[PDB]
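Here's the structure, in structure tokens; my notes come after.
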Amino acid sequence: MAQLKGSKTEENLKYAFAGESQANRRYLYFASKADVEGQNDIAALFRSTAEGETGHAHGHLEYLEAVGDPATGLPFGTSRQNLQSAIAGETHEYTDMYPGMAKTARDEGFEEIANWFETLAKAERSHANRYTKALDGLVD
Amino acid sequence: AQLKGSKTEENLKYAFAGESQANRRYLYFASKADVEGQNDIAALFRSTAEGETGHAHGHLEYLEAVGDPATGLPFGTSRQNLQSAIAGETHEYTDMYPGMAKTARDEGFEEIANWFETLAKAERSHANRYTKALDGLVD
Ligand SMILES: [Fe+3]
Ligand SMILES: [Fe+3]
Ligand SMILES: [Fe+3]
């Protein structure tokens, strides 16, 4: 638990959590590509492996509960804590991250990617708003 | 304008990492809600997680033009995807997880060291299954 704070192992858990999260997403993408190809056994293999990566990421997050949410630095655990962290993250995404990435895409000559980032800014704003209403009505 | 070597390429990789993590985080939060009996909050975290799956999917579609953010290798076809997955998993079981276990043991986190060692063994097994699948792929 707490002796983790400020260690290299803390940073390794965060890195491994990021890698495992991405591995799940990547393997599900690969599974859908296998679906389209009619490669049903390969698809099923990707999905089974992706499920293993979910368990791995879950374990990393269990350990990180001692130090804070890797996306925000905020405590996590209870639903009130979780909503507060998700709100903070989402708010940062819609106010700064995606609009900044949109502007840069546009200025580099990637109009469609800029429009995509703007679509995502709108999406995260809707997430942040829904989470806030949920927290506002929470009875714990 | 070429995506390869652009600031936008790097931003798509970063955004992909963020979106991937957001889905894992929100699913974890959904399980905490389930245990507390906050079933409406659980459903909101799951719904939101599904949105983040879409976002990650779209970032990956753009990154197909440049390479797999985990390995730098091409992806698209099952042959390419297996090859990339094998390369990533091999890095994790030979280098990443053993390095992390050594640091954890050195810092006195013995349980965590063993966790990373267990994961190294799991990724080796992943690599081996993907290699078998690639070997018999009808392509
Ligand atoms: Fe894993
Ligand atoms: Fe969101
Ligand atoms: Fe998102």
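Those protein sequences? They're chains A and B, same order as listed. Take the first sequence: its position 114, counted from the start at 1, is 114 in full-length UniProt numbering, and no numbers get skipped. Take the second sequence: its position 30, counted from the start at 1, is 31 in full-length UniProt numbering, and no numbers get skipped. Note that CB positions come from ideal geometry on N, CA and C, so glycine has one too.
- Shortest gap from the CB of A18/B to any heavy atom of ligand 1: 7 Å or more.
- For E62/A, the Cβ stays outside the 7 Å cut-off from all heavy atoms of ligand 2.
- At least one CB atom of chain B sits nearer than 8 Å to the CB of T78/A.
- The beta-carbon of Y27/B is placed less than 8 Å from the nearest beta-carbon of chain A.
- In this structure, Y131/A lies near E90/A, with their beta-carbon atoms less than 8 Å apart.
- 8 Å or more divides the Cβ of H56/A from the Cβ of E93/A.
- A residue is called buried when at least 16 other Cβ atoms come within 10 angstroms of its Cβ; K33/A meets this threshold and is buried.
- Remark: the C-beta of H127/A is in contact range of ligand 2, defined as less than 7 Å to any heavy atom.
- Using a Cβ distance threshold of 8 Å, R25/B and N12/A do not count as a contacting pair.
- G59/B is not a Cβ neighbour of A123/A, given a cutoff of 8 Å.
- For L74/B, no CB of chain A lies under 8 Å from its own CB, so it is not counted at the interface with that chain.
- Judged by DSSP in its simplified three-state form, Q39/B adopts coil rather than helix or strand.
- Burial check for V67/A: the Cβ neighbour count within 10 Å reaches 16 or more, so the residue is buried.
- Listed by position along chain A, the residues whose Cβ is nearer than 7 Å to that of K8/B are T104, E108.
- Taking 8 Å as the CB threshold, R130/B lines the interface with chain A.
- The three-state secondary structure of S7/A, taken from DSSP, is coil.
- In this structure, the beta-carbon distance from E108/B to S79/A does not fall below 8 Å.
- Boundaries of the alpha helix (DSSP H) harbouring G89/A: 79-92, taken from the DSSP string.
- Contact of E51/A with chain B is not assigned, every C-beta pair being separated by 8 Å or more.
- When secondary structure is reduced to three states using DSSP, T72/B falls in the coil class, being assigned neither helix nor strand.
- Between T9/B and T104/A, the gap from beta carbon to beta carbon is short of 8 Å.
- Secondary structure at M97/A: helix, using DSSP grouped into helix, strand and coil.
- The three-state secondary structure of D136/B, taken from DSSP, is helix.
- Under the Cβ criterion of 8 Å, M101/A is counted among the residues facing chain B.
- Among the residues of chain B, those whose CB is under 9 Å from the CB of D69/A are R26, following chain order.
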